[PDB]
>>> print(open('work_29.txt').read())   # compact mmCIF, C-alpha atoms
# COMPACT_ATOMS: atom_id res chain seq x y z
CA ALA A 51 147.99 124.82 137.28
CA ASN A 52 149.10 121.27 136.49
CA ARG A 53 145.93 119.91 138.06
CA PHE A 54 144.01 122.22 135.71
CA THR A 55 146.00 121.10 132.67
CA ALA A 56 145.39 117.42 133.29
CA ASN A 57 141.64 118.00 133.11
CA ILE A 58 141.77 120.45 130.20
CA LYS A 59 143.68 117.98 128.03
CA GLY A 60 141.61 114.98 129.12
CA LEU A 61 138.32 116.66 128.32
CA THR A 62 139.84 117.78 125.03
CA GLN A 63 140.38 114.14 124.08
CA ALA A 64 136.98 113.21 125.50
CA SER A 65 135.31 115.57 123.05
CA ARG A 66 136.91 113.53 120.27
CA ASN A 67 135.63 110.34 121.88
CA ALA A 68 132.11 111.76 122.00
CA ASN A 69 132.27 112.73 118.34
CA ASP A 70 133.37 109.19 117.50
CA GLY A 71 130.35 107.88 119.38
CA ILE A 72 128.13 110.22 117.38
CA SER A 73 129.67 108.83 114.20
CA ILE A 74 129.06 105.20 115.08
CA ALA A 75 125.50 105.86 116.22
CA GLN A 76 124.73 107.72 113.00
CA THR A 77 126.09 104.82 110.95
CA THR A 78 123.91 102.34 112.81
CA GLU A 79 120.87 104.55 112.26
CA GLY A 80 121.70 104.75 108.57
CA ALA A 81 121.65 100.98 108.24
CA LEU A 82 118.43 100.70 110.24
CA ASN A 83 116.67 103.14 107.90
CA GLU A 84 117.24 100.73 105.02
CA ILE A 85 116.13 97.77 107.11
CA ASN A 86 112.91 99.62 107.92
CA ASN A 87 112.20 100.51 104.31
CA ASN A 88 112.60 96.91 103.20
CA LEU A 89 110.38 95.70 106.04
CA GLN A 90 107.66 98.15 105.04
CA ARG A 91 107.79 96.85 101.48
CA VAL A 92 107.52 93.34 102.91
CA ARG A 93 104.37 94.36 104.77
CA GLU A 94 102.96 95.70 101.51
CA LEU A 95 103.66 92.30 99.94
CA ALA A 96 101.95 90.47 102.79
CA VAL A 97 98.88 92.67 102.43
CA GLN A 98 98.82 91.94 98.70
CA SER A 99 98.87 88.25 99.56
CA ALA A 100 95.46 88.52 101.26
CA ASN A 101 93.28 89.08 98.17
CA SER A 102 90.65 86.38 97.88
CA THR A 103 90.89 85.27 94.24
CA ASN A 104 94.69 85.20 94.08
CA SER A 105 96.08 82.07 92.45
CA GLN A 106 98.85 79.93 93.89
CA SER A 107 101.13 80.92 91.03
CA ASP A 108 100.65 84.49 92.24
CA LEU A 109 101.48 83.24 95.74
CA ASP A 110 104.78 81.86 94.46
CA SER A 111 105.43 85.10 92.61
CA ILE A 112 104.96 87.07 95.83
CA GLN A 113 107.16 84.55 97.65
CA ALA A 114 109.90 85.50 95.19
CA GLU A 115 110.27 89.13 96.27
CA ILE A 116 109.59 88.06 99.85
CA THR A 117 112.72 85.93 99.64
CA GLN A 118 114.59 88.79 97.99
CA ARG A 119 113.69 91.19 100.80
CA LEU A 120 114.78 88.76 103.50
CA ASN A 121 118.04 88.07 101.65
CA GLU A 122 118.78 91.79 101.35
CA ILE A 123 118.00 92.34 105.03
CA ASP A 124 120.38 89.58 106.08
CA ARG A 125 123.04 90.80 103.66
CA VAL A 126 122.98 94.32 105.10
CA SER A 127 123.00 93.01 108.66
CA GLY A 128 125.96 90.70 108.12
CA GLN A 129 128.10 92.86 105.87
CA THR A 130 127.77 96.29 107.48
CA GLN A 131 130.60 97.16 109.87
CA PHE A 132 132.40 100.15 111.37
CA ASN A 133 136.09 100.32 112.31
CA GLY A 134 136.16 96.53 112.17
CA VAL A 135 133.16 96.36 114.52
CA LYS A 136 130.48 94.43 112.62
CA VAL A 137 128.04 96.39 114.70
CA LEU A 138 124.70 95.04 113.50
CA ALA A 139 125.66 91.35 113.46
CA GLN A 140 125.83 90.68 117.22
CA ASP A 141 124.59 91.72 120.64
CA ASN A 142 127.12 94.02 122.26
CA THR A 143 127.70 97.01 124.50
CA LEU A 144 130.39 99.68 124.36
CA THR A 145 131.17 102.73 126.47
CA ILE A 146 132.03 106.16 125.08
CA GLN A 147 134.83 107.70 127.17
CA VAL A 148 133.34 111.15 127.71
CA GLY A 149 134.15 111.98 131.31
CA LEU B 397 118.38 71.08 63.85
CA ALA B 398 114.64 71.44 64.29
CA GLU B 399 112.46 68.90 62.50
CA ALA B 400 109.81 69.45 59.83
CA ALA B 401 106.99 67.99 61.90
CA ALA B 402 104.36 66.14 59.90
CA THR B 403 101.09 67.54 61.27
CA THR B 404 99.45 70.51 62.94
CA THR B 405 100.78 71.46 66.36
CA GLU B 406 98.25 70.14 68.86
CA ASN B 407 97.11 72.35 71.74
CA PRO B 408 99.34 75.24 70.58
CA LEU B 409 97.80 77.78 72.93
CA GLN B 410 99.21 75.84 75.88
CA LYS B 411 102.72 76.10 74.43
CA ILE B 412 102.21 79.84 73.99
CA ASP B 413 100.89 80.23 77.54
CA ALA B 414 103.86 78.37 79.00
CA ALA B 415 106.29 80.53 77.03
CA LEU B 416 104.55 83.70 78.19
CA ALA B 417 104.62 82.50 81.80
CA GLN B 418 108.35 81.83 81.54
CA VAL B 419 109.01 85.26 80.06
CA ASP B 420 106.95 87.16 82.62
CA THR B 421 108.41 85.20 85.52
CA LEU B 422 111.86 86.12 84.28
CA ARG B 423 110.85 89.77 83.95
CA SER B 424 109.60 89.80 87.55
CA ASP B 425 112.84 88.23 88.75
CA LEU B 426 114.88 90.90 87.01
CA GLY B 427 112.69 93.62 88.50
CA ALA B 428 113.37 92.20 91.94
CA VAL B 429 117.07 92.18 91.08
CA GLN B 430 116.82 95.87 90.23
CA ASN B 431 115.14 96.45 93.59
CA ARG B 432 118.01 94.72 95.37
CA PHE B 433 120.53 96.80 93.46
CA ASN B 434 118.72 100.04 94.30
CA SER B 435 118.72 99.14 97.98
CA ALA B 436 122.43 98.33 97.82
CA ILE B 437 123.44 101.57 96.11
CA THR B 438 121.36 103.56 98.57
CA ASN B 439 123.16 101.78 101.41
CA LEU B 440 126.52 102.53 99.81
CA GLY B 441 125.66 106.21 99.47
CA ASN B 442 124.55 106.53 103.08
CA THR B 443 127.53 104.60 104.42
CA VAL B 444 129.98 106.61 102.31
CA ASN B 445 128.47 109.85 103.60
CA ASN B 446 128.66 108.68 107.20
CA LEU C 313 120.66 115.54 97.99
CA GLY C 314 120.37 112.03 99.42
CA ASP C 315 117.92 112.98 102.17
CA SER C 316 115.78 110.12 103.49
CA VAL C 317 112.81 112.47 103.40
CA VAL C 318 112.51 112.54 99.62
CA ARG C 319 113.32 108.85 99.23
CA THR C 320 110.55 107.87 101.64
CA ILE C 321 108.06 110.28 100.09
CA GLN C 322 108.70 109.15 96.53
CA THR C 323 109.10 105.42 97.14
CA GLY C 324 105.86 105.26 99.09
CA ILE C 325 104.17 106.68 96.01
CA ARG C 326 106.02 104.33 93.67
CA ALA C 327 105.14 101.09 95.44
CA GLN C 328 101.38 101.68 95.67
CA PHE C 329 100.71 100.22 92.22
CA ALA C 330 100.26 96.82 93.91
CA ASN C 331 96.88 97.95 95.33
CA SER C 332 96.32 95.11 97.76
CA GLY C 333 92.55 95.63 97.74
CA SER C 334 91.23 94.41 94.39
CA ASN C 335 90.69 91.04 92.72
CA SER C 336 90.12 92.64 89.31
CA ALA C 337 91.39 90.81 86.24
CA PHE C 338 93.95 93.58 85.89
CA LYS C 339 96.82 93.54 88.36
CA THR C 340 98.74 96.66 87.26
CA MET C 341 98.49 99.39 84.63
CA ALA C 342 100.56 97.45 82.09
CA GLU C 343 97.47 95.41 81.20
CA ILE C 344 95.73 98.71 80.42
CA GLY C 345 98.74 99.95 78.47
CA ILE C 346 100.59 102.13 80.99
CA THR C 347 104.35 101.61 81.10
CA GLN C 348 107.07 103.15 83.26
CA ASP C 349 110.49 104.40 82.16
CA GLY C 350 112.66 101.89 84.00
CA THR C 351 115.68 104.08 83.31
CA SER C 352 114.08 107.02 85.14
CA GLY C 353 110.48 106.19 86.07
CA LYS C 354 108.34 108.65 84.07
CA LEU C 355 105.21 106.92 82.83
CA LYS C 356 104.15 106.50 79.21
CA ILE C 357 100.90 105.58 77.47
CA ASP C 358 99.69 103.81 74.34
CA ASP C 359 96.60 105.33 72.77
CA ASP C 360 95.32 102.34 70.79
CA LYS C 361 95.94 99.75 73.50
CA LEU C 362 94.39 102.05 76.09
CA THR C 363 91.39 102.62 73.82
CA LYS C 364 90.65 98.93 73.31
>>> encode(input="work_29.txt", output="structure tokens")
Amino acid sequence: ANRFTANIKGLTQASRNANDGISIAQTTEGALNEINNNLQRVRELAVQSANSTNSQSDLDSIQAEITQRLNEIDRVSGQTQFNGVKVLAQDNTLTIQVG
Amino acid sequence: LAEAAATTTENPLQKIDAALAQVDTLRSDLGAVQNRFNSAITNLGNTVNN
Amino acid sequence: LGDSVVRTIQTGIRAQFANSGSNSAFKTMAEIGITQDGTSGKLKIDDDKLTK
């Protein structure tokens, strides 16, 4: 019976660990959605840049929002964090204790 | 205090064009600022939900 | 409420006014008298400016 209880309780806590993993993964995905949207807008800008008769003043104009998009991307990357883990800012690996 | 200049303003259209360029450049900058703010509030909403 | 589906669908529509395929003198619809409600986004028109 005790050998059964040890498992039962451990797996009980492991379910919580798994849910925490779900939470963190969902948060990361949420940030990446925004990154993707901004990148797609950036591609739109680049395509606009290609028109033949554009003037260099227009090029600088486009450069403006280009800079804005990059700044926003970097801001999100740096600032976003979860439980003190600034997850997007580094290369890292973590293990969910499920077993 | 602005002066009472003696003669006609020479090449006035260039002054007007420069002023218009300044104004429109500013407007574009503020539009980009609005874009940044929209992105930020969207991020805040998603992060708050999560 | 807050679904990414609607945001993607609507924003894709909104951004197209760049139209990265034309060298026309016009660049947007403002030159032809079409404005957007920055507060909300619903568009508005000017009859005389559009006419000329």
>>> interface_residues(input="work_29.txt", of="chain A", to="chain B", cutoff="8 Å", atoms="only C-alpha atoms", output="PyMOL selection string")
chain A and resi 73+76-77+80-81+84+111+114-115+118-119+122
>>> closest_atom_pairs(input="work_29.txt", of="chain C", to="chain B", cutoff="10 Å", atoms="only C-alpha atoms", output="Markdown table")
| residue | atom | partner | partner_atom | distance |
| --- | --- | --- | --- | --- |
| C:314 | CA | B:442 | CA | 7.8 |
| C:315 | CA | B:442 | CA | 9.3 |
| C:316 | CA | B:442 | CA | 9.5 |
| C:319 | CA | B:438 | CA | 9.6 |
| C:350 | CA | B:427 | CA | 9.4 |
>>> interface_residues(input="work_29.txt", of="chain A", to="chain C", cutoff="10 Å", atoms="all atoms listed in the file", output="VMD selection string")
chain A and resid 80 83 to 84 87 90 to 91 94 to 104
>>> atom_distance(input="work_29.txt", atom1="atom CA of residue 82 of chain A", atom2="atom CA of residue 322 of chain C")
18.8 Å
>>> residues_around(input="work_29.txt", residues="segment 54-70 of chain A", least_positions_apart="4", cutoff="8 Å", atoms="only C-alpha atoms", output="list in words")
residues 74, 146, 147, 148 and 149 of chain A
>>> residues_around(input="work_29.txt", residues="residue 139 of chain A", least_positions_apart="6", cutoff="9 Å", atoms="all atoms listed in the file", output="list in words")
residues 127, 128, 129, 130 and 131 of chain A
>>> write_last_selection(input="work_29.txt", atoms="C-alpha atoms", output="PDB file, keeping the file's coordinate frame")
ATOM      1  CA  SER A 127     123.000  93.010 108.660  1.00  0.00           C
ATOM      2  CA  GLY A 128     125.960  90.700 108.120  1.00  0.00           C
ATOM      3  CA  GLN A 129     128.100  92.860 105.870  1.00  0.00           C
ATOM      4  CA  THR A 130     127.770  96.290 107.480  1.00  0.00           C
ATOM      5  CA  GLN A 131     130.600  97.160 109.870  1.00  0.00           C
TER       6      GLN A 131
END
>>> atom_distance(input="work_29.txt", atom1="atom CA of residue 116 of chain A", atom2="atom CA of residue 93 of chain A")
9.5 Å
>>> residues_around(input="work_29.txt", residues="residue 120 of chain A", least_positions_apart="5", cutoff="10 Å", atoms="only C-alpha atoms", output="PyMOL selection string")
chain A and resi 85+88-89+92+115+125
>>> atom_distance(input="work_29.txt", atom1="atom CA of residue 317 of chain C", atom2="atom CA of residue 75 of chain A")
19.2 Å
>>> closest_residue(input="work_29.txt", among="C:357, C:362, C:313, C:321", to="residue 344 of chain C", atoms="all atoms listed in the file")
C:362
>>> residues_around(input="work_29.txt", residues="residue 342 of chain C", least_positions_apart="5", cutoff="12 Å", atoms="all atoms listed in the file", output="count of residues only")
10
>>> decode(input="work_29.txt", residues="segment 328-343 of chain C", atoms="N, CA, C and O atoms", output="tab-separated table (two decimals), in the first residue's frame")
chain	number	residue	atom	x	y	z
C	328	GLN	N	-2.88	46.33	-46.49
C	328	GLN	CA	-2.68	46.21	-47.93
C	328	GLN	C	-2.61	47.56	-48.63
C	328	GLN	O	-2.15	47.62	-49.78
C	329	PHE	N	-3.05	48.64	-47.99
C	329	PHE	CA	-3.11	49.92	-48.68
C	329	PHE	C	-1.75	50.41	-49.15
C	329	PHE	O	-1.69	51.44	-49.83
C	330	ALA	N	-0.66	49.72	-48.80
C	330	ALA	CA	0.64	50.07	-49.36
C	330	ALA	C	0.71	49.75	-50.85
C	330	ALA	O	1.20	50.56	-51.64
C	331	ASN	N	0.22	48.57	-51.25
C	331	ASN	CA	0.14	48.18	-52.66
C	331	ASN	C	1.51	48.29	-53.34
C	331	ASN	O	1.75	49.15	-54.19
C	332	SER	N	2.40	47.39	-52.94
C	332	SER	CA	3.77	47.41	-53.42
C	332	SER	C	3.87	46.90	-54.85
C	332	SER	O	4.66	46.00	-55.14
C	333	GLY	N	3.06	47.47	-55.75
C	333	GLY	CA	3.08	47.07	-57.14
C	333	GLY	C	2.75	48.18	-58.12
C	333	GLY	O	2.41	47.90	-59.27
C	334	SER	N	2.83	49.43	-57.68
C	334	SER	CA	2.45	50.55	-58.53
C	334	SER	C	3.36	51.73	-58.27
C	334	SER	O	3.68	52.04	-57.11
C	335	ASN	N	3.77	52.39	-59.35
C	335	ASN	CA	4.55	53.62	-59.28
C	335	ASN	C	3.69	54.86	-59.50
C	335	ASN	O	4.23	55.95	-59.69
C	336	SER	N	2.37	54.70	-59.46
C	336	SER	CA	1.46	55.81	-59.73
C	336	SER	C	1.80	57.01	-58.86
C	336	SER	O	2.37	56.88	-57.78
C	337	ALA	N	1.44	58.20	-59.36
C	337	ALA	CA	1.65	59.42	-58.58
C	337	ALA	C	1.03	59.30	-57.20
C	337	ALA	O	1.64	59.69	-56.20
C	338	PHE	N	-0.19	58.77	-57.13
C	338	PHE	CA	-0.79	58.47	-55.84
C	338	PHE	C	0.00	57.37	-55.15
C	338	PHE	O	0.56	56.47	-55.78
C	339	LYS	N	0.05	57.46	-53.82
C	339	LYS	CA	0.62	56.41	-52.99
C	339	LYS	C	-0.41	55.74	-52.09
C	339	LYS	O	-0.27	54.56	-51.79
C	340	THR	N	-1.43	56.48	-51.65
C	340	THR	CA	-2.53	55.92	-50.87
C	340	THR	C	-3.82	56.57	-51.34
C	340	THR	O	-3.85	57.28	-52.36
C	341	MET	N	-4.90	56.34	-50.60
C	341	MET	CA	-6.20	56.90	-50.93
C	341	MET	C	-6.41	58.29	-50.35
C	341	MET	O	-7.39	58.96	-50.69
C	342	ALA	N	-5.50	58.76	-49.49
C	342	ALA	CA	-5.60	60.12	-48.99
C	342	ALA	C	-5.48	61.13	-50.12
C	342	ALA	O	-6.21	62.13	-50.14
C	343	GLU	N	-4.58	60.88	-51.07
C	343	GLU	CA	-4.44	61.79	-52.20
C	343	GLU	C	-5.72	61.89	-53.00
C	343	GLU	O	-6.01	62.94	-53.58
